[PDB]
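**Student:** Take a look and give me a structure for this.
(chains A and B, ligands or ions: 6)
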Amino acid sequence: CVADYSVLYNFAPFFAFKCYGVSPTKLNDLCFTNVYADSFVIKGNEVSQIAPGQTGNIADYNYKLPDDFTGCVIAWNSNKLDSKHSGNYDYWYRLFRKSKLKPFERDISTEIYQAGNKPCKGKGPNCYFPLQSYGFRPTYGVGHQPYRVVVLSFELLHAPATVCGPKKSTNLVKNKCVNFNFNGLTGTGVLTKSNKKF
Amino acid sequence: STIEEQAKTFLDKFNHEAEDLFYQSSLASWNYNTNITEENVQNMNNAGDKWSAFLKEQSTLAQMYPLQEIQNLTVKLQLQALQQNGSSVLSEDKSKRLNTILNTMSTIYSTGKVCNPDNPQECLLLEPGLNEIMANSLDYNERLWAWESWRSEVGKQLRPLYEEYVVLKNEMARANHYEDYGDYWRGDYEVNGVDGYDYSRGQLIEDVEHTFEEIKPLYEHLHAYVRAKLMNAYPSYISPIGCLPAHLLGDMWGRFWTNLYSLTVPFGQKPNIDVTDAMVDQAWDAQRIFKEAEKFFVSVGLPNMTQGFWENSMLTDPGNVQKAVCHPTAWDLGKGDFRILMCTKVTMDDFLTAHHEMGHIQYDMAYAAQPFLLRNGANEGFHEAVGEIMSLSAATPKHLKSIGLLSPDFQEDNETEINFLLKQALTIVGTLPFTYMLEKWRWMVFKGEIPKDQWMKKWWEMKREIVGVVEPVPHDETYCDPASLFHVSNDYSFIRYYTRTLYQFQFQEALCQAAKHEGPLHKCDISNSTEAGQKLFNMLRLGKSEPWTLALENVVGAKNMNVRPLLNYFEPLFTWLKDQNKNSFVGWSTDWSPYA
Ligand SMILES: *[C@@H]1O[C@H](CO)[C@@H](O[C@@H]2O[C@H](CO)[C@@H](O[C@@H]3O[C@H](CO[C@H]4O[C@H](CO)[C@@H](O)[C@H](O)[C@@H]4O)[C@@H](O)[C@H](O[C@H]4O[C@H](CO)[C@@H](O)[C@H](O)[C@@H]4O)[C@@H]3O)[C@H](O)[C@H]2NC(C)=O)[C@H](O)[C@H]1NC(C)=O
Ligand SMILES: *[C@@H]1O[C@H](CO)[C@@H](O[C@@H]2O[C@H](CO)[C@@H](O[C@@H]3O[C@H](CO)[C@@H](O)[C@H](O)[C@@H]3O)[C@H](O)[C@H]2NC(C)=O)[C@H](O)[C@H]1NC(C)=O
Ligand SMILES: *[C@@H]1O[C@H](CO)[C@@H](O[C@@H]2O[C@H](CO)[C@@H](O)[C@H](O)[C@H]2NC(C)=O)[C@H](O)[C@H]1NC(C)=O
Ligand SMILES: *[C@@H]1O[C@H](CO)[C@@H](O[C@@H]2O[C@H](CO)[C@@H](O)[C@H](O)[C@H]2NC(C)=O)[C@H](O)[C@H]1NC(C)=O
Ligand SMILES: *[C@@H]1O[C@H](CO)[C@@H](O)[C@H](O)[C@H]1NC(C)=O
Ligand SMILES: *[C@@H]1O[C@H](CO)[C@@H](O)[C@H](O)[C@H]1NC(C)=O
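**Tutor:** Residues are numbered from 1 along each chain as shown, chains lettered A, B, ... in the order given. Ligands and ions are numbered 1, 2, ... in the order given. This is the structure:
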């Protein structure tokens, strides 16, 4: 399809919207193989922990990515929409994972926090459950609020792109020497009205 | 595999749980504080119960891993905290009796009342008038009657209760790793694990005696002046050199002589440096004062308060059914929520109190990033000192000129600084004797040196000696003067202040020295300083990962306590005391008794 990248600039200013493996000026005029739309919620302090290559203690816990992640990851606050004065214990996250994760892999498969002499597994001492409830409040300061984040990977690879930015046009001038371009038909001349029967 | 790996796996969830449940309990308590209703009381109580009970499930597994194979020392200190403040030894009966004694002590002390003389018709409590009858009323007969009646009506009831409480605490400490509950209080400053900074428990008695004696000549010099001024208004009652009666102190416990500022004034004709009168003229209010207090931290460099704090903190008393208690509290809840619940009037004293309260919030916010189990100062007194130094620095005439309420035309001379020096000494120097004597008597009563029937006698043996104040009416074993005191009747260690006062002066002199500031030590503002602010911020975010000796050596390059900054601060006042008391006797007559 045709993907325009001025849509978010219409929207609110997303705080940690950054680009690493792409060209910011050529975004609207670059072709990508596909688009990936990983969208999740992070708290403010560990938002940057979801980083390309620099996998934070949360990235290896929840969602990792390759070193050369091409595209842009957009992060913004969702406090007022997704915060309750009683604590967002419905919004959970594996705060207690054990090792490194792998790119494009949900943590729905639970990685039980098992580290100790106990083969206990599941939940409990030395066998804790990795999942932790965010417990968000709209009254919290910075670093403890639900920054909703999305991974918009701009993958461009061997498969044909077919996902590029739009192209604008200009007016039509007749009976005047001019240059022209019609879907890639260069040339100069005088354009008039014809009576052919295509 | 190892002890540390399993311990940190165990602590991973417990750190978050200690954040969560403690925040829930503190939030219930804070909602009750902002909204005093019965249901808020129930929420506070239930949240505290659930939090403290959940502490047991993790302290049980904390003792499961002993403390003799720990090399990080984070696990070691955190497990020591778990096995001390979430563990106990007393059986259900002994602990129940202890808590019942505490509850009865609090009930009698708070609900105790003294009626007007020769009449049961009208009766008053301690807070409404007794703190003000001593402070304001000066009549001999009325004050003597109120003092005798109140002290009797508290001590006579509470003394056997304290005799039972001390024995129960001694038994609990004996079952603990302490010799006695006196040693249990002596173990608060203890340090272990790091050689060269470990604190010996036996030094606490030895250290205090070192400096206090050297400052004893000063206090009696002050006593050489007070008895001169008091006899100005009380000629017949007071002996020329004898001990002072214990019912005209101006306060119930003889803590301060500053409230006698008018009585003990050096020069009563120079007006005070007052901006409260000028506050109205310049349309000042609470928000302006608090914003300039924030600007103080802005100029020094410490991070300022977030708008989330200013939005929710109650600056003024709502009144009506939305009643509260505006006592200065620097609430430490965490999760970015640090709020101040204190009602502020348009005065310079409330300005000082606002700085004092905001300092502790600053410290808590600075070290909040540390683990919740180590989110503590070096000891009890460092947290107080953090706000106390800024509160003291908020008493500088030059920065008050910078405020604008006090015009720059104000002048510096003898009677705009010496008048403040005497007030500051009466605040600081005058409290030292009772401050040390209370801890001394508590140590003596808990240790067991004194026979029971002599417990009160020793209490009145050192009153004539250390403070130089004698009772106006003898009090036997039935009476208990410390039972009328806040800390003793409610089991609160009083040793925190006798060290915070020593630490704050060193902190203030370090700030004044590293910033290249000249002039007398009573003129020092750190608003336009960066080295002092940075060197304070170095300690601000450290947390509990250091002891108090090491942290104190990170201030002035000296591990242990000292008194040189305190002597230097009142050094012109020391010269004043020496000069003006040439013909007045130095000391006090213990044997003298005004009660015939
Ligand atoms: C181990 O567990 C125990 C629990 O038993 C903890 O002990 C508590 O420690 C806190 C922290 O000091 C104590 O709280 C203190 O209470 C003082 C008394 O306040 C009462 O009275 C006033 C009226 O004067 C009321 O308004 C108030 O609501 C209370 O009813 C306060 O004065 C203290 O505040 C001081 O510090 C702040 C800065 O933090 C200053 O701004 C203040 O001006 C003031 O100087 C303080 O809040 C509590 O009382 C202790 N409980 C018991 C039972 O003793 C230990 O802390 C814990 N050990 C750890 C965590 O290491
Ligand atoms: C002894 O205990 C302390 C406290 O538990 C341990 O401190 C922890 O040390 C690790 C690494 O030394 C820190 O991880 C670091 O995190 C930062 C920021 O995410 C990152 O940039 C680094 O690359 C590293 O991953 C960890 O944050 C820190 N914990 C705290 C609470 O400060 C210490 O490691 C323990 N000693 C040993 C030998 O393990
Ligand atoms: C303080 O708490 C009381 C009760 O805990 C609140 O009173 C309730 O307020 C809600 C909200 O308006 C009403 O729906 C209830 O009917 C009230 N109940 C009672 C018994 O008054 C009170 O509003 C709280 N104060 C503030 C400022 O919110
Ligand atoms: C710290 O610096 C500020 C600004 O440099 C000082 O504020 C000035 O104070 C003088 C006298 O009080 C006034 O005449 C100026 O108008 C003030 N300037 C500004 C920009 O406010 C402040 O006085 C300094 N601190 C101290 C203690 O003097
Ligand atoms: C004080 O807080 C405000 C927040 O409104 C912030 O903009 C400002 O930078 C802070 N001052 C300093 C010195 O950090
Ligand atoms: C007052 O200050 C002046 C400074 O010029 C000093 O000489 C004088 O001794 C002071 N007065 C007293 C009583 O100390």
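**Student:** what's around residue A:113, how many residues?
**Tutor:** 26 (other Cβ atoms under 10 Å in any protein chain shown). To be clear about C-beta, it is placed using only N, CA and C from the backbone, and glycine gets the same treatment.
**Student:** Enumerate every residue touching it.
**Tutor:** A:96, A:97, A:98, A:127, A:128, A:129, A:130, B:9, B:12, B:13 (Cβ atoms under 8 Å, 6 or more residues apart in numbering or on different chains).
**Student:** ok, residue B:298 touching residue B:304?
**Tutor:** Yes - the pair residue B:298 / residue B:304 is scored as a contact, 5.4 Å apart, by Cβ atoms under 8 Å.
**Student:** Go ahead and flag the most central residue of chain B.
**Tutor:** In chain B, the centroid-proximal residue (Cα atoms, centre = their mean) is residue B:497; its distance is 5.0 Å.
**Student:** if we can go back for a sec, compare residue B:298 and residue B:304 (neighbour count), which wins?
**Tutor:** residue B:304 (17 against 14).
**Student:** That one and ligand 1, how far apart?
**Tutor:** For residue B:304, the distance to ligand 1 equals 18 Å [Cβ to the nearest ligand atom, to the nearest Å].
**Student:** Assumed that residue was part of a strand.
**Tutor:** No - Residue B:304 is assigned coil when assessed by DSSP: H, G, I helix; E, B strand; the rest coil, not a strand.
**Student:** From residue B:293, how far out is it?
**Tutor:** Per Cβ to Cβ, to the nearest Å, residue B:304 is found 10 Å from residue B:293.
**Student:** Return the distance of whichever strand or helix holds residue B:25 from the chain's centre.
**Tutor:** For residue B:25, the host element (DSSP states H and E) is helix B:3-34. How far helix B:3-34 lies from its chain's middle: 27 Å, per Cα atoms, centre = their mean, to the nearest Å.
**Student:** hmm, that helix touching chain A?
**Tutor:** Yes - using Cβ under 8 Å from any Cβ of the partner chain, helix B:3-34 comes into contact with chain A via B:5, B:6, B:9, B:10, B:12, B:13, B:16, B:20, B:24.
**Student:** Can you list the helices and strands that that helix packs against?
**Tutor:** Judged by 3 or more Cβ pairs under 8 Å, 6 or more residues apart in numbering or on different chains; DSSP states H and E, the packing partners of helix B:3-34 are strand A:113-114, strand A:127-128, helix B:38-64, helix B:74-85, strand B:340-341.
**Student:** Is there proximity between the third one and ligand 1?
**Tutor:** Think helix B:38-64. No - figure legend: helix B:38-64 not in contact with ligand 1 (Cβ under 6 Å from any ligand atom); closest approach 8.1 Å.
**Student:** Now that helix: buried residues?
**Tutor:** Of all the residues in helix B:38-64, those buried under the rule 16 or more other Cβ atoms under 10 Å in any protein chain shown are B:40, B:43, B:44, B:47, B:48, B:51, B:54, B:55, B:58, B:59, B:61, B:62.
**Student:** same check, this time on stretch A:70-83
**Tutor:** So, applying 16+ other Cβ under 10 Å, buried residues of stretch A:70-83: A:70, A:71, A:72, A:73, A:74, A:75, A:76, A:77, A:78, A:79, A:82, A:83.
**Student:** The residue nearest to residue B:430 when sequence neighbours are not counted and ligand 4: what is the separation?
**Tutor:** Residue nearest to residue B:430 in three dimensions, not counting chain neighbours: residue B:257, with 4.4 Å by Cβ to Cβ, 6 or more residues apart in numbering or on different chains. In this structure, residue B:257 and ligand 4 are 31 Å apart, going by Cβ to the nearest ligand atom.
**Student:** Walking through chain A, point out its strands one by one.
**Tutor:** A:18-19, A:36-43, A:71-77, A:92-94, A:113-114, A:127-128, A:131-133, A:146-153, A:178-180, A:187-189 (DSSP state E).
**Student:** What are the phi and psi values at whatever residue of chain A ends up closest to ligand 1?
**Tutor:** Distances between chain A and ligand 1 by Cβ to the nearest ligand atom are smallest at residue A:141, namely 18.9 Å. Note on residue A:141: backbone dihedrals following degrees, to the nearest 10 are phi -80, psi -140.
**Student:** Count the residues that sit near it.
**Tutor:** Residue A:141 has 17 nearby residues by other Cβ under 10 Å.
**Student:** From residue B:33, how far off is it?
**Tutor:** 20 Å.
**Student:** Equivalent analysis for residue B:150, please.
**Tutor:** Residue B:150 is 29 Å from residue B:33, by Cβ to Cβ.
**Student:** quick one: residue A:48 and residue A:42 touch, right?
**Tutor:** No - Residue A:48 lies out of contact with residue A:42 (Cβ under 8 Å); the separation is 9.1 Å.
**Student:** out of these two, which sits in the more crowded spot?
**Tutor:** Neighbours per residue (other Cβ under 10 Å) separate residue A:48 from residue A:42, with residue A:42 holding more: 25 against 15.
**Student:** pretty sure the more buried one contacts residue A:147?
**Tutor:** Yes - between residue A:42 and residue A:147 a contact is recorded at 5.2 Å, counting by Cβ under 8 Å.
**Student:** Count the residues that sit near the closest residue to ligand 3 within chain B.
**Tutor:** Closest contact between chain B and ligand 3, by Cβ to the nearest ligand atom, is at residue B:35 (3.7 Å). Using other Cβ under 10 Å, residue B:35 is surrounded by 15 other residues.
**Student:** How about it, nearest residue that isn't a chain neighbour?
**Tutor:** Residue B:35 sits nearest to residue B:322 (Cβ to Cβ, 6+ apart), 6.7 Å away.
**Student:** give me phi/psi at that neighbour?
**Tutor:** phi -90, psi 50.
**Student:** how close does it sit to ligand 2?
**Tutor:** Counting by Cβ to the nearest ligand atom - residue B:322 and ligand 2 are separated by 41 Å.
**Student:** who does that residue bridge with?
**Tutor:** For residue B:322, the beta-bridge partners under DSSP bridges are residue B:319.
**Student:** Isn't it up against residue B:33?
**Tutor:** No - counting by Cβ under 8 Å, residue B:322 does not reach residue B:33; the two are 11.6 Å apart.
**Student:** Contacts only, for the residue nearest to residue B:369 when sequence neighbours are not counted.
**Tutor:** In space, and not counting its chain neighbours, residue B:369 is closest to residue B:541: 6.8 Å by Cβ to Cβ, 6+ apart. Residues near residue B:541 by Cβ under 8 Å, 6+ apart: B:366, B:367, B:369, B:370.
**Student:** do residue B:328 as well
**Tutor:** B:342, B:353, B:356, B:357 are the contacts of residue B:328 under Cβ under 8 Å, 6+ apart.
**Student:** Would you convert those residues into CSV that also reports neighbour count and secondary structure?
**Tutor:** What follows is these, written out as CSV (neighbours: other Cβ atoms under 10 Å in any protein chain shown; DSSP: H, G, I helix; E, B strand; the rest coil):
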residue, neighbour count, secondary structure
B:342, 21, coil
B:353, 18, helix
B:356, 21, helix
B:357, 22, helix
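**Student:** Arrange these in JSON lines, one row each, with distance to residue A:102 as further columns.
**Tutor:** Below are the contacts of residue B:328 laid out as JSON lines (distance: Cβ to Cβ, whole Å):
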{"residue": "B:342", "distance to residue A:102": "53"}
{"residue": "B:353", "distance to residue A:102": "56"}
{"residue": "B:356", "distance to residue A:102": "53"}
{"residue": "B:357", "distance to residue A:102": "50"}
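**Student:** Thanks again, I'm all set now.
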